[PDB]
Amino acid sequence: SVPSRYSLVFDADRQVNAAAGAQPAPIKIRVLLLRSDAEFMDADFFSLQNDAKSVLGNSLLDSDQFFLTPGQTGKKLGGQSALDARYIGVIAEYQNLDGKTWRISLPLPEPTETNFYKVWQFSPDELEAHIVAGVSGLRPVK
């Protein structure tokens, strides 16, 4: 709500998501709007994949998804935030889950940090982050 929307721009490594002996394969990315990330960071992969709302309950505000092709750069997904949104959760459904960072939680700013809007009323109100789906997992870019 303040700011009102968000977006994530995704790059995927050319070698992302290639099993032993197999070619790199598109990977499913989910983006979840969250009231809190506690249940999200604790839930097991299957639970989140098969029924996120059940395992997350009231903590899940919204969710969206897309596929990312190995080597693809600058693929953007965004949506509207909500007043009580505190985190964006990101899940990457790697075929070989072991040792991969297949989930990340990104904290949204709190009241303090978006204070500038009452005075700077016309500043852009879309938060943007950049994520890479890498061979070892998801990581934000500096």
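Counting begins at 1, following the sequence as shown.
**OP:** Using the B-factors recorded in the PDB entry, average over the C-alpha atoms of 2-10 and of 131-139, then report which stretch comes out higher.
**Re:** Result of the comparison: 2-10.
**OP:** Higher average CA B factor in the deposited record is what I'm after, so tell me if that's 95-103 or 55-63.
**Re:** Result of the comparison: 55-63.
Original post:
Taking the values straight from the PDB record, which of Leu34, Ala82, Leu68, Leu77 has the highest C-alpha temperature factor?
Top reply: Most elevated C-alpha B-factor of the set, per the entry: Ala82.
Original post:
Considering only modelled residues of the same chain, in which third does the CA B-factor of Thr73 rank: lowest, middle or highest?
Top reply: Answer is middle: the recorded C-alpha B-factor places it there.
Original post:
Based on the entry's values, in what third of the chain does the Cα temperature factor of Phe116 lie: lowest, middle or highest?
Top reply: As the PDB entry reports it, the C-alpha B-factor of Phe116 lands in the highest third of its chain.
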